[PDB]
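Colleague: What follows is data-v9.pdb; its format and atoms are PDB, N, CA and C atoms and all ligand atoms.
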```pdb
MODEL        1
ATOM      1  N   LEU A 303     -77.005 138.608 -34.948
ATOM      2  CA  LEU A 303     -77.759 138.516 -36.192
ATOM      3  C   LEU A 303     -78.230 139.867 -36.712
ATOM      4  N   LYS A 304     -77.996 140.949 -35.951
ATOM      5  CA  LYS A 304     -78.417 142.318 -36.284
ATOM      6  C   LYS A 304     -79.921 142.410 -36.541
ATOM      7  N   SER A 305     -80.709 141.764 -35.686
ATOM      8  CA  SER A 305     -82.154 141.746 -35.848
ATOM      9  C   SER A 305     -82.825 141.771 -34.485
ATOM     10  N   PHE A 306     -84.028 142.340 -34.448
ATOM     11  CA  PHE A 306     -84.836 142.368 -33.237
ATOM     12  C   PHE A 306     -85.736 141.149 -33.100
ATOM     13  N   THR A 307     -85.817 140.314 -34.132
ATOM     14  CA  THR A 307     -86.600 139.085 -34.103
ATOM     15  C   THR A 307     -85.722 137.965 -34.633
ATOM     16  N   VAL A 308     -85.556 136.911 -33.840
ATOM     17  CA  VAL A 308     -84.662 135.807 -34.168
ATOM     18  C   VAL A 308     -85.510 134.559 -34.375
ATOM     19  N   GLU A 309     -85.382 133.953 -35.551
ATOM     20  CA  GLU A 309     -86.126 132.752 -35.894
ATOM     21  C   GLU A 309     -85.539 131.549 -35.148
ATOM     22  N   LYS A 310     -86.339 130.484 -35.058
ATOM     23  CA  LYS A 310     -85.966 129.266 -34.343
ATOM     24  C   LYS A 310     -84.741 128.595 -34.959
ATOM     25  N   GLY A 311     -83.800 128.212 -34.110
ATOM     26  CA  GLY A 311     -82.625 127.496 -34.562
ATOM     27  C   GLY A 311     -81.465 127.704 -33.612
ATOM     28  N   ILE A 312     -80.349 127.067 -33.959
ATOM     29  CA  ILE A 312     -79.100 127.202 -33.218
ATOM     30  C   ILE A 312     -78.230 128.240 -33.921
ATOM     31  N   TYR A 313     -77.616 129.122 -33.137
ATOM     32  CA  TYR A 313     -76.773 130.185 -33.661
ATOM     33  C   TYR A 313     -75.517 130.295 -32.815
ATOM     34  N   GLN A 314     -74.379 130.484 -33.475
ATOM     35  CA  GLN A 314     -73.118 130.724 -32.786
ATOM     36  C   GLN A 314     -72.956 132.226 -32.591
ATOM     37  N   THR A 315     -72.746 132.646 -31.345
ATOM     38  CA  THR A 315     -72.718 134.061 -31.004
ATOM     39  C   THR A 315     -71.351 134.553 -30.557
ATOM     40  N   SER A 316     -70.745 133.919 -29.561
ATOM     41  CA  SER A 316     -69.539 134.472 -28.958
ATOM     42  C   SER A 316     -68.699 133.339 -28.380
ATOM     43  N   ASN A 317     -67.744 133.710 -27.532
ATOM     44  CA  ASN A 317     -66.755 132.812 -26.963
ATOM     45  C   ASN A 317     -66.837 132.894 -25.442
ATOM     46  N   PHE A 318     -66.351 131.843 -24.784
ATOM     47  CA  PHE A 318     -66.317 131.745 -23.329
ATOM     48  C   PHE A 318     -64.979 132.337 -22.825
ATOM     49  N   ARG A 319     -64.236 132.961 -23.744
ATOM     50  CA  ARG A 319     -62.930 133.565 -23.507
ATOM     51  C   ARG A 319     -63.002 134.698 -22.483
ATOM     52  N   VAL A 320     -61.967 134.791 -21.637
ATOM     53  CA  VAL A 320     -61.849 135.823 -20.612
ATOM     54  C   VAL A 320     -61.005 136.968 -21.159
ATOM     55  N   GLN A 321     -61.406 138.195 -20.855
ATOM     56  CA  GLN A 321     -60.572 139.355 -21.124
ATOM     57  C   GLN A 321     -59.577 139.556 -19.979
ATOM     58  N   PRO A 322     -58.362 140.043 -20.265
ATOM     59  CA  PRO A 322     -57.306 140.058 -19.235
ATOM     60  C   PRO A 322     -57.575 141.067 -18.127
ATOM     61  N   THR A 323     -57.357 140.628 -16.884
ATOM     62  CA  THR A 323     -57.644 141.465 -15.724
ATOM     63  C   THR A 323     -56.617 142.582 -15.572
ATOM     64  N   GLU A 324     -55.334 142.255 -15.698
ATOM     65  CA  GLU A 324     -54.273 143.227 -15.471
ATOM     66  C   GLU A 324     -53.093 142.880 -16.373
ATOM     67  N   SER A 325     -51.964 143.539 -16.131
ATOM     68  CA  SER A 325     -50.739 143.329 -16.892
ATOM     69  C   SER A 325     -49.653 142.819 -15.957
ATOM     70  N   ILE A 326     -48.976 141.752 -16.371
ATOM     71  CA  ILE A 326     -47.942 141.100 -15.577
ATOM     72  C   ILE A 326     -46.622 141.217 -16.326
ATOM     73  N   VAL A 327     -45.565 141.588 -15.610
ATOM     74  CA  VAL A 327     -44.224 141.646 -16.172
ATOM     75  C   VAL A 327     -43.297 140.847 -15.259
ATOM     76  N   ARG A 328     -42.362 140.111 -15.860
ATOM     77  CA  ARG A 328     -41.481 139.240 -15.097
ATOM     78  C   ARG A 328     -40.085 139.277 -15.702
ATOM     79  N   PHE A 329     -39.084 139.303 -14.833
ATOM     80  CA  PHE A 329     -37.678 139.397 -15.185
ATOM     81  C   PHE A 329     -36.896 138.407 -14.340
ATOM     82  N   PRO A 330     -35.669 138.057 -14.748
ATOM     83  CA  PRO A 330     -34.809 137.236 -13.882
ATOM     84  C   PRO A 330     -34.507 137.915 -12.552
ATOM     85  N   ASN A 331     -34.430 137.099 -11.504
ATOM     86  CA  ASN A 331     -34.244 137.578 -10.138
ATOM     87  C   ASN A 331     -32.845 138.149  -9.928
TER      88      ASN A 331
ATOM     89  N   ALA B 701     -53.194  92.777 -73.529
ATOM     90  CA  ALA B 701     -52.828  91.763 -74.500
ATOM     91  C   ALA B 701     -53.452  92.098 -75.853
ATOM     92  N   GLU B 702     -53.262  91.209 -76.823
ATOM     93  CA  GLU B 702     -53.818  91.386 -78.155
ATOM     94  C   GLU B 702     -54.660  90.168 -78.496
ATOM     95  N   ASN B 703     -55.872  90.405 -78.991
ATOM     96  CA  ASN B 703     -56.841  89.340 -79.217
ATOM     97  C   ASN B 703     -57.580  89.619 -80.515
ATOM     98  N   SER B 704     -57.543  88.662 -81.434
ATOM     99  CA  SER B 704     -58.263  88.757 -82.695
ATOM    100  C   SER B 704     -59.494  87.866 -82.622
ATOM    101  N   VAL B 705     -60.667  88.467 -82.774
ATOM    102  CA  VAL B 705     -61.923  87.732 -82.828
ATOM    103  C   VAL B 705     -62.306  87.595 -84.293
ATOM    104  N   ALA B 706     -62.299  86.362 -84.790
ATOM    105  CA  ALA B 706     -62.558  86.092 -86.200
ATOM    106  C   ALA B 706     -64.048  86.243 -86.454
ATOM    107  N   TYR B 707     -64.434  87.359 -87.058
ATOM    108  CA  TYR B 707     -65.819  87.539 -87.454
ATOM    109  C   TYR B 707     -66.145  86.629 -88.626
ATOM    110  N   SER B 708     -67.253  85.906 -88.507
ATOM    111  CA  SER B 708     -67.802  85.120 -89.602
ATOM    112  C   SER B 708     -69.284  84.958 -89.323
ATOM    113  N   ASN B 709     -70.123  85.255 -90.315
ATOM    114  CA  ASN B 709     -71.559  85.286 -90.068
ATOM    115  C   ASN B 709     -72.192  83.904 -89.982
ATOM    116  N   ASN B 710     -71.442  82.833 -90.234
ATOM    117  CA  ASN B 710     -71.980  81.493 -90.052
ATOM    118  C   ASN B 710     -71.994  81.049 -88.596
ATOM    119  N   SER B 711     -71.265  81.729 -87.712
ATOM    120  CA  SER B 711     -71.025  81.219 -86.371
ATOM    121  C   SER B 711     -71.278  82.276 -85.306
ATOM    122  N   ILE B 712     -71.776  81.810 -84.162
ATOM    123  CA  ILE B 712     -71.776  82.553 -82.911
ATOM    124  C   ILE B 712     -70.837  81.845 -81.949
ATOM    125  N   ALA B 713     -70.633  82.466 -80.792
ATOM    126  CA  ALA B 713     -69.866  81.868 -79.709
ATOM    127  C   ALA B 713     -70.565  82.155 -78.389
ATOM    128  N   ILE B 714     -71.004  81.101 -77.709
ATOM    129  CA  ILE B 714     -71.700  81.205 -76.433
ATOM    130  C   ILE B 714     -70.908  80.418 -75.399
ATOM    131  N   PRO B 715     -70.609  80.992 -74.236
ATOM    132  CA  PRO B 715     -69.902  80.245 -73.192
ATOM    133  C   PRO B 715     -70.768  79.148 -72.588
ATOM    134  N   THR B 716     -70.107  78.261 -71.849
ATOM    135  CA  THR B 716     -70.756  77.095 -71.257
ATOM    136  C   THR B 716     -70.881  77.165 -69.745
ATOM    137  N   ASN B 717     -69.863  77.666 -69.053
ATOM    138  CA  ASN B 717     -69.823  77.682 -67.599
ATOM    139  C   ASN B 717     -69.625  79.113 -67.118
ATOM    140  N   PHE B 718     -70.388  79.506 -66.099
ATOM    141  CA  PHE B 718     -70.362  80.864 -65.576
ATOM    142  C   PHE B 718     -69.965  80.868 -64.105
ATOM    143  N   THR B 719     -69.267  81.927 -63.701
ATOM    144  CA  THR B 719     -68.769  82.083 -62.343
ATOM    145  C   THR B 719     -69.446  83.267 -61.660
ATOM    146  N   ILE B 720     -69.238  83.353 -60.346
ATOM    147  CA  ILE B 720     -69.694  84.467 -59.522
ATOM    148  C   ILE B 720     -68.472  85.077 -58.850
ATOM    149  N   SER B 721     -68.354  86.401 -58.915
ATOM    150  CA  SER B 721     -67.195  87.091 -58.369
ATOM    151  C   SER B 721     -67.651  88.309 -57.579
ATOM    152  N   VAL B 722     -66.820  88.719 -56.622
ATOM    153  CA  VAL B 722     -67.106  89.846 -55.740
ATOM    154  C   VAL B 722     -65.990  90.872 -55.884
ATOM    155  N   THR B 723     -66.370  92.128 -56.104
ATOM    156  CA  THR B 723     -65.455  93.253 -56.228
ATOM    157  C   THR B 723     -65.718  94.255 -55.105
ATOM    158  N   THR B 724     -65.024  95.390 -55.162
ATOM    159  CA  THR B 724     -65.087  96.407 -54.118
ATOM    160  C   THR B 724     -65.163  97.786 -54.752
ATOM    161  N   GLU B 725     -66.057  98.629 -54.234
ATOM    162  CA  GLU B 725     -66.125 100.030 -54.618
ATOM    163  C   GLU B 725     -66.112 100.897 -53.369
ATOM    164  N   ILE B 726     -65.345 101.980 -53.420
ATOM    165  CA  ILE B 726     -65.149 102.882 -52.294
ATOM    166  C   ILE B 726     -65.570 104.280 -52.727
ATOM    167  N   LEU B 727     -66.443 104.916 -51.939
ATOM    168  CA  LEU B 727     -66.953 106.246 -52.266
ATOM    169  C   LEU B 727     -66.991 107.123 -51.018
ATOM    170  N   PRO B 728     -66.356 108.295 -51.043
ATOM    171  CA  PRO B 728     -66.528 109.252 -49.945
ATOM    172  C   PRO B 728     -67.946 109.799 -49.901
ATOM    173  N   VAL B 729     -68.393 110.140 -48.693
ATOM    174  CA  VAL B 729     -69.771 110.580 -48.492
ATOM    175  C   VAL B 729     -69.784 111.953 -47.824
ATOM    176  N   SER B 730     -68.784 112.223 -46.991
ATOM    177  CA  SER B 730     -68.743 113.474 -46.245
ATOM    178  C   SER B 730     -67.303 113.767 -45.857
ATOM    179  N   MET B 731     -67.097 114.949 -45.279
ATOM    180  CA  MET B 731     -65.793 115.340 -44.767
ATOM    181  C   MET B 731     -65.981 115.990 -43.403
ATOM    182  N   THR B 732     -64.881 116.487 -42.842
ATOM    183  CA  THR B 732     -64.885 117.007 -41.480
ATOM    184  C   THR B 732     -65.616 118.343 -41.404
ATOM    185  N   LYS B 733     -66.537 118.455 -40.448
ATOM    186  CA  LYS B 733     -67.249 119.701 -40.204
ATOM    187  C   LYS B 733     -66.398 120.630 -39.346
ATOM    188  N   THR B 734     -66.257 121.879 -39.784
ATOM    189  CA  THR B 734     -65.456 122.868 -39.078
ATOM    190  C   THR B 734     -66.227 124.175 -38.949
ATOM    191  N   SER B 735     -65.788 125.001 -38.001
ATOM    192  CA  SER B 735     -66.355 126.325 -37.791
ATOM    193  C   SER B 735     -65.276 127.226 -37.209
ATOM    194  N   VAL B 736     -65.304 128.501 -37.597
ATOM    195  CA  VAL B 736     -64.239 129.450 -37.288
ATOM    196  C   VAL B 736     -64.825 130.645 -36.546
ATOM    197  N   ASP B 737     -64.249 130.954 -35.387
ATOM    198  CA  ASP B 737     -64.527 132.200 -34.684
ATOM    199  C   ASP B 737     -63.663 133.312 -35.273
ATOM    200  N   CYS B 738     -64.275 134.473 -35.537
ATOM    201  CA  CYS B 738     -63.596 135.608 -36.162
ATOM    202  C   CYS B 738     -62.442 136.169 -35.338
ATOM    203  N   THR B 739     -62.776 136.755 -34.183
ATOM    204  CA  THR B 739     -61.821 137.553 -33.419
ATOM    205  C   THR B 739     -60.765 136.673 -32.761
ATOM    206  N   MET B 740     -61.149 135.461 -32.349
ATOM    207  CA  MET B 740     -60.190 134.529 -31.763
ATOM    208  C   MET B 740     -59.125 134.106 -32.769
ATOM    209  N   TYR B 741     -59.512 133.893 -34.026
ATOM    210  CA  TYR B 741     -58.526 133.515 -35.033
ATOM    211  C   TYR B 741     -57.688 134.710 -35.473
ATOM    212  N   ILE B 742     -58.347 135.774 -35.941
ATOM    213  CA  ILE B 742     -57.625 136.856 -36.606
ATOM    214  C   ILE B 742     -56.865 137.713 -35.599
ATOM    215  N   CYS B 743     -57.500 138.067 -34.481
ATOM    216  CA  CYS B 743     -56.885 138.972 -33.522
ATOM    217  C   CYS B 743     -56.320 138.286 -32.287
ATOM    218  N   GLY B 744     -56.807 137.099 -31.938
ATOM    219  CA  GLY B 744     -56.287 136.377 -30.786
ATOM    220  C   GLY B 744     -56.555 137.026 -29.445
ATOM    221  N   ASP B 745     -57.784 137.514 -29.236
ATOM    222  CA  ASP B 745     -58.241 138.177 -28.008
ATOM    223  C   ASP B 745     -57.400 139.410 -27.669
ATOM    224  N   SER B 746     -57.379 140.352 -28.606
ATOM    225  CA  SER B 746     -56.917 141.707 -28.347
ATOM    226  C   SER B 746     -58.087 142.653 -28.566
ATOM    227  N   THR B 747     -58.366 143.490 -27.562
ATOM    228  CA  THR B 747     -59.561 144.329 -27.599
ATOM    229  C   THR B 747     -59.437 145.436 -28.638
ATOM    230  N   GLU B 748     -58.269 146.075 -28.717
ATOM    231  CA  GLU B 748     -58.078 147.138 -29.699
ATOM    232  C   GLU B 748     -57.947 146.582 -31.113
ATOM    233  N   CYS B 749     -57.500 145.330 -31.255
ATOM    234  CA  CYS B 749     -57.564 144.672 -32.556
ATOM    235  C   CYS B 749     -59.004 144.368 -32.938
ATOM    236  N   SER B 750     -59.828 143.989 -31.956
ATOM    237  CA  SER B 750     -61.239 143.730 -32.219
ATOM    238  C   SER B 750     -61.993 145.011 -32.544
TER     239      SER B 750
HETATM  240  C1  LIG C   1     -67.705  75.369 -63.716
HETATM  241  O1  LIG C   1     -66.400  75.720 -63.216
HETATM  242  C2  LIG C   1     -66.159  75.363 -61.847
HETATM  243  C3  LIG C   1     -64.795  75.909 -61.493
HETATM  244  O2  LIG C   1     -64.692  77.292 -61.801
HETATM  245  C4  LIG C   1     -66.273  73.848 -61.685
HETATM  246  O3  LIG C   1     -66.108  73.498 -60.315
HETATM  247  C5  LIG C   1     -65.072  72.498 -60.165
HETATM  248  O4  LIG C   1     -65.492  71.190 -60.613
HETATM  249  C6  LIG C   1     -64.476  70.179 -60.502
HETATM  250  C7  LIG C   1     -65.054  68.915 -61.092
HETATM  251  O5  LIG C   1     -66.424  68.760 -60.744
HETATM  252  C8  LIG C   1     -64.052  70.017 -59.041
HETATM  253  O6  LIG C   1     -62.992  69.071 -58.966
HETATM  254  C9  LIG C   1     -63.597  71.353 -58.463
HETATM  255  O7  LIG C   1     -63.339  71.217 -57.069
HETATM  256  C10 LIG C   1     -64.664  72.430 -58.683
HETATM  257  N1  LIG C   1     -64.251  73.722 -58.139
HETATM  258  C11 LIG C   1     -63.212  74.480 -58.537
HETATM  259  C12 LIG C   1     -63.031  75.766 -57.789
HETATM  260  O8  LIG C   1     -62.451  74.156 -59.451
HETATM  261  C13 LIG C   1     -67.641  73.379 -62.171
HETATM  262  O9  LIG C   1     -67.718  71.960 -62.125
HETATM  263  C14 LIG C   1     -67.912  73.853 -63.601
HETATM  264  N2  LIG C   1     -69.255  73.482 -64.012
HETATM  265  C15 LIG C   1     -69.546  73.013 -65.230
HETATM  266  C16 LIG C   1     -70.986  72.681 -65.479
HETATM  267  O10 LIG C   1     -68.685  72.865 -66.092
HETATM  268  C1  LIG C   2     -70.803  85.514 -94.544
HETATM  269  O1  LIG C   2     -69.371  85.643 -94.704
HETATM  270  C2  LIG C   2     -68.865  85.272 -95.995
HETATM  271  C3  LIG C   2     -67.360  85.397 -95.926
HETATM  272  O2  LIG C   2     -66.966  86.735 -95.649
HETATM  273  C4  LIG C   2     -69.489  86.168 -97.058
HETATM  274  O3  LIG C   2     -69.023  85.766 -98.341
HETATM  275  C5  LIG C   2     -71.007  86.062 -96.997
HETATM  276  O4  LIG C   2     -71.591  86.971 -97.922
HETATM  277  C6  LIG C   2     -71.524  86.378 -95.594
HETATM  278  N1  LIG C   2     -72.965  86.183 -95.533
HETATM  279  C7  LIG C   2     -73.804  87.059 -94.971
HETATM  280  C8  LIG C   2     -75.257  86.688 -94.999
HETATM  281  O5  LIG C   2     -73.409  88.096 -94.448
ENDMDL
END
```
If you took the structure in this file and wrote it as structure tokens, what would it be?

Modeller:
Amino acid sequence: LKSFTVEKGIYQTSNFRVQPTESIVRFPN
Amino acid sequence: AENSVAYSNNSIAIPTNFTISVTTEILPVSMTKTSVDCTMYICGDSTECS
């Protein structure tokens, strides 16, 4: 909300999404 | 159809028997509530895109 004081209510902030740990590459055997 | 009502000031016309009928009216009241996350939609969880 870009504020130091937040009024009463419900607010949507972010996601439960995970950031990727590493990089995976796969090719035919 | 076509109907001619003969106007004449000597006469009125009043019906004798009355009926009761039921009709239907349909009215929308609301629609689907939606909400959009910015970065998940536009960038699809890319950090440098964010
Ligand atoms: C007004 O009209 C209704 C029909 O819309 C009449 O009801 C019918 O009356 C006859 C004779 O009494 C019956 O055989 C029928 O079964 C009745 N019903 C229907 C659906 O036809 C009613 O009698 C009329 N009233 C007056 C005062 O004329
Ligand atoms: C009623 O109708 C007749 C025929 O059109 C007309 O001559 C007469 O003047 C009318 N009377 C009134 C009071 O409107």

Colleague: Neighbouring residues of ligand LIG 2 (chain C) are defined here as those with any atom at most 6 Å from a ligand atom, counting only N, CA and C atoms and all ligand atoms; list them as a compact mmCIF listing (two decimals) with N, CA and C atoms, in the frame of the given file.

Modeller:
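Okay, selection-v2.txt is ready:
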```txt
# COMPACT_ATOMS: atom_id res chain seq x y z
N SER B 708 -67.25 85.91 -88.51
CA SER B 708 -67.80 85.12 -89.60
C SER B 708 -69.28 84.96 -89.32
N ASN B 709 -70.12 85.26 -90.32
CA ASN B 709 -71.56 85.29 -90.07
C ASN B 709 -72.19 83.90 -89.98
N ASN B 710 -71.44 82.83 -90.23
CA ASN B 710 -71.98 81.49 -90.05
C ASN B 710 -71.99 81.05 -88.60
```

Colleague: List the neighbours of residue 749 of chain B out to 8 Å using all atoms listed in the file; skip same-chain residues closer than 6 positions along the sequence, and give me the result as a PyMOL selection string.

Modeller: chain B and resi 739+742-743

Colleague: Kindly save the residues from that selection, with N, CA and C atoms included, as an mmCIF file, keeping the file's coordinate frame.

Modeller:
```cif
data_model
loop_
_atom_site.group_PDB
_atom_site.id
_atom_site.type_symbol
_atom_site.label_atom_id
_atom_site.label_comp_id
_atom_site.auth_asym_id
_atom_site.auth_seq_id
_atom_site.Cartn_x
_atom_site.Cartn_y
_atom_site.Cartn_z
ATOM 1 N N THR B 739 -62.776 136.755 -34.183
ATOM 2 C CA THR B 739 -61.821 137.553 -33.419
ATOM 3 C C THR B 739 -60.765 136.673 -32.761
ATOM 4 N N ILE B 742 -58.347 135.774 -35.941
ATOM 5 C CA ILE B 742 -57.625 136.856 -36.606
ATOM 6 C C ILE B 742 -56.865 137.713 -35.599
ATOM 7 N N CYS B 743 -57.500 138.067 -34.481
ATOM 8 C CA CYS B 743 -56.885 138.972 -33.522
ATOM 9 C C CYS B 743 -56.320 138.286 -32.287
#
```

Colleague: Dump as JSON lines the rows for residues of chain B within 12 Å of ligand LIG 1 (chain C): closest atom pair and distance in Å with one decimal, only C-alpha atoms and all ligand atoms counted, ordered by chain and rising residue number.

Modeller:
```
{"residue": "B:715", "atom": "CA", "partner": "C:LIG1", "partner_atom": "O10", "distance": 10.3}
{"residue": "B:716", "atom": "CA", "partner": "C:LIG1", "partner_atom": "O10", "distance": 7.0}
{"residue": "B:717", "atom": "CA", "partner": "C:LIG1", "partner_atom": "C1", "distance": 5.0}
{"residue": "B:718", "atom": "CA", "partner": "C:LIG1", "partner_atom": "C1", "distance": 6.4}
{"residue": "B:719", "atom": "CA", "partner": "C:LIG1", "partner_atom": "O2", "distance": 6.3}
{"residue": "B:720", "atom": "CA", "partner": "C:LIG1", "partner_atom": "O2", "distance": 9.0}
{"residue": "B:721", "atom": "CA", "partner": "C:LIG1", "partner_atom": "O2", "distance": 10.7}
```

Colleague: Could you tell me how far atom C of residue 733 of chain B sits from atom C of residue 318 of chain A, in Å to one decimal place?

Modeller: 20.3 Å

Colleague: For a test of reading the model, state the distance in Å between atom CA of residue 744 of chain B and atom N of residue 304 of chain A, rounded to one decimal.

Modeller: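 We find that atom CA of residue 744 of chain B and atom N of residue 304 of chain A lie 22.8 Å from each other.
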
Colleague: Check the DSSP output for the backbone and give back, as a PyMOL selection string, the residues of chain B in alpha helix (DSSP H).

Modeller: chain B and resi 738-742

Colleague: The PyMOL selection byres ((chain A and name CA) within 12 of (chain B and name CA)) on the file shown: which residues, as a tab-separated table (two decimals) with N, CA and C atoms, keeping the file's coordinate frame?

Modeller:
```
chain	number	residue	atom	x	y	z
A	313	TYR	N	-77.62	129.12	-33.14
A	313	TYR	CA	-76.77	130.18	-33.66
A	313	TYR	C	-75.52	130.29	-32.82
A	314	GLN	N	-74.38	130.48	-33.48
A	314	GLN	CA	-73.12	130.72	-32.79
A	314	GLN	C	-72.96	132.23	-32.59
A	315	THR	N	-72.75	132.65	-31.34
A	315	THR	CA	-72.72	134.06	-31.00
A	315	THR	C	-71.35	134.55	-30.56
A	316	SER	N	-70.74	133.92	-29.56
A	316	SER	CA	-69.54	134.47	-28.96
A	316	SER	C	-68.70	133.34	-28.38
A	317	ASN	N	-67.74	133.71	-27.53
A	317	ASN	CA	-66.76	132.81	-26.96
A	317	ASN	C	-66.84	132.89	-25.44
A	318	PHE	N	-66.35	131.84	-24.78
A	318	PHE	CA	-66.32	131.74	-23.33
A	318	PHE	C	-64.98	132.34	-22.82
A	319	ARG	N	-64.24	132.96	-23.74
A	319	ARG	CA	-62.93	133.56	-23.51
A	319	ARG	C	-63.00	134.70	-22.48
A	320	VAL	N	-61.97	134.79	-21.64
A	320	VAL	CA	-61.85	135.82	-20.61
A	320	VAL	C	-61.00	136.97	-21.16
A	321	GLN	N	-61.41	138.20	-20.86
A	321	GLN	CA	-60.57	139.35	-21.12
A	321	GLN	C	-59.58	139.56	-19.98
A	322	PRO	N	-58.36	140.04	-20.26
A	322	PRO	CA	-57.31	140.06	-19.24
A	322	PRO	C	-57.58	141.07	-18.13
```

Colleague: Report, in Å to a single decimal, how far apart atom N of residue 725 of chain B and atom N of residue 701 of chain B are.

Modeller: 23.9 Å

Colleague: Could you give me the axis-aligned bounding box of segment 735-744 of chain B, with 3 Å of padding per side, as centre plus edge lengths in Å to one decimal, as lines of an AutoDock Vina configuration file?

Modeller:
```
center_x = -61.3
center_y = 132.0
center_z = -33.7
size_x = 16.1
size_y = 20.0
size_z = 14.6
```

Colleague: Got a moment to write segment 305-326 of chain A out with N, CA and C atoms, as a compact mmCIF listing (two decimals), in the first residue's frame?

Modeller:
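This is the output file out.txt:
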```txt
# COMPACT_ATOMS: atom_id res chain seq x y z
N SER A 305 2.49 2.70 2.46
CA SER A 305 2.12 3.52 3.60
C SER A 305 2.65 2.89 4.88
N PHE A 306 2.93 3.74 5.86
CA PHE A 306 3.37 3.29 7.18
C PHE A 306 2.21 3.03 8.13
N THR A 307 0.99 3.40 7.74
CA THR A 307 -0.21 3.16 8.53
C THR A 307 -1.26 2.55 7.62
N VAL A 308 -1.77 1.38 7.99
CA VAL A 308 -2.71 0.63 7.17
C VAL A 308 -4.04 0.58 7.90
N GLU A 309 -5.09 1.06 7.23
CA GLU A 309 -6.43 1.08 7.80
C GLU A 309 -7.01 -0.34 7.80
N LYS A 310 -8.04 -0.53 8.63
CA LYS A 310 -8.69 -1.83 8.80
C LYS A 310 -9.32 -2.32 7.51
N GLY A 311 -9.08 -3.59 7.19
CA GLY A 311 -9.69 -4.20 6.02
C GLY A 311 -8.85 -5.35 5.52
N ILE A 312 -9.35 -5.97 4.45
CA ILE A 312 -8.65 -7.05 3.76
C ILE A 312 -7.92 -6.46 2.56
N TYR A 313 -6.67 -6.89 2.36
CA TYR A 313 -5.84 -6.41 1.27
C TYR A 313 -5.11 -7.58 0.64
N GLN A 314 -5.04 -7.58 -0.69
CA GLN A 314 -4.27 -8.58 -1.42
C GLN A 314 -2.85 -8.06 -1.60
N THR A 315 -1.87 -8.84 -1.17
CA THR A 315 -0.48 -8.40 -1.15
C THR A 315 0.41 -9.16 -2.12
N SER A 316 0.44 -10.48 -2.06
CA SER A 316 1.43 -11.24 -2.82
C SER A 316 0.88 -12.63 -3.12
N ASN A 317 1.77 -13.52 -3.52
CA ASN A 317 1.45 -14.86 -3.98
C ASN A 317 2.21 -15.87 -3.13
N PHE A 318 1.70 -17.10 -3.10
CA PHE A 318 2.30 -18.20 -2.36
C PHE A 318 3.30 -18.93 -3.29
N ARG A 319 3.55 -18.34 -4.45
CA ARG A 319 4.43 -18.85 -5.50
C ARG A 319 5.87 -18.99 -5.01
N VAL A 320 6.54 -20.06 -5.46
CA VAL A 320 7.94 -20.34 -5.12
C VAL A 320 8.83 -19.81 -6.23
N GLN A 321 9.96 -19.22 -5.85
CA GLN A 321 10.99 -18.87 -6.80
C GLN A 321 11.89 -20.08 -7.07
N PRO A 322 12.41 -20.24 -8.30
CA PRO A 322 13.10 -21.49 -8.66
C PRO A 322 14.44 -21.65 -7.95
N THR A 323 14.68 -22.86 -7.44
CA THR A 323 15.89 -23.14 -6.67
C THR A 323 17.12 -23.20 -7.57
N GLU A 324 17.02 -23.91 -8.69
CA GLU A 324 18.16 -24.12 -9.57
C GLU A 324 17.67 -24.23 -11.01
N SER A 325 18.56 -24.63 -11.90
CA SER A 325 18.26 -24.80 -13.32
C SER A 325 18.46 -26.26 -13.70
N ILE A 326 17.47 -26.82 -14.39
CA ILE A 326 17.47 -28.22 -14.79
C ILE A 326 17.48 -28.28 -16.31
```
